[PDB]
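A lone chain, given as structure tokens: the form deposited in one PDB entry.
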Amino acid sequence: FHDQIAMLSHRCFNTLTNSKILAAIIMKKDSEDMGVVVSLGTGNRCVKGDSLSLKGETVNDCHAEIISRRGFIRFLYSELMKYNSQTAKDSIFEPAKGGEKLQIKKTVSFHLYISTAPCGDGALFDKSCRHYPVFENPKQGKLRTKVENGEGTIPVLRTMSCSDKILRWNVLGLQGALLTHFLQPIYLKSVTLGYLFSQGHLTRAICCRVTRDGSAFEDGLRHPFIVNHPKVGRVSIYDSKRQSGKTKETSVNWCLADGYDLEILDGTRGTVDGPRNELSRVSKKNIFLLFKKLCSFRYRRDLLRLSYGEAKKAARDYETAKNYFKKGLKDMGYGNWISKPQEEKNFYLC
């Protein structure tokens, strides 16, 4: 099953780049349907403190998984644009309970593919080493933050590892805070790894680290947020020699609604590769514009007046679930999750 996911992602990337560390998100309409790559990203770098922007014109994490999520979010905005009464049947969204929000249809699902293991708790193992998590040592399961000048992470202006962010996705959903105003949380059906795959430490890293001490965490999670446990798999055949070849710091991102227009960024700074230093299309400003257009289209003038921080905090349910998940992580002994100052998110669109 995961071989088809990997080959689909590789074929899509090769076709788009005809004119590597590569992640993709794949939406499979039905079991018989092969599936289509919907979001695609590459990169291995993260910006530093000097490239941090208060007004949010720079992507603060050019890693592959993060940028694929940010392409998938743009794709979801596009699909919400396309939704109407006439095209309701042919879309992937259906009315949810209460009629206040839409929701993803049952048959359509999403899957994630990463060429290598996420940084953090997904590659803490040696040759010696239903979910089957592994908790043999006290140090295992701790939060780790990305280090500057490298792909690695160190245990706890600091950016959490890819594994911790995948855990946050598996608890609070993929859609983020803003799309909660119009959607229910969406969770990955499966996670596929190309290299550096350990079953015990991947399932512990992404889902099961909050189920170590029993089911005392799920009960406190208000619906519809759940502790997702996606199916975890590996590619059947793999390259033997680890690839140590030097890797460029360019990041390629694409979404299904963009046709054949890839965007290239440099992870050291987080802007489009060019002398003019164009604003990235996966940046905070473009996402806020896309949301304000969705709100204008949906006649929800209440959300227009809110800035990025105010609109993000407007989703009471999502923010309460986020705070509860952070507190649950701090309780079990994993260190404090770092959040950037609110002045970064307190920007008003022009």
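Take the two forms, find the largest set of C-alpha atoms that superpose within 1.5 Å, and that set is the rigid core. From 1 onward, residues are counted along the sequence shown.
Another form, the form deposited in another entry, is not on view; read the next lines as being about it.
Positional change of residue 78 between this form and the one not shown stays under 2 Å at the C-alpha, relative to the superposed core. Core-superposed comparison between this form and the one not shown: CA of residue 218 displaced by less than 2 Å. Relative to the superposed rigid core, residue 151 undergoes a CA displacement of at least 2 Å between this form and the one not shown. One change in the other form concerns residue 150 and residue 338, whose Cα atoms lie at least 3 Å closer than in this form. If you compare C-alpha positions, residue 67 and residue 241 are 3 angstroms or more closer together in the other form than in the form on display.
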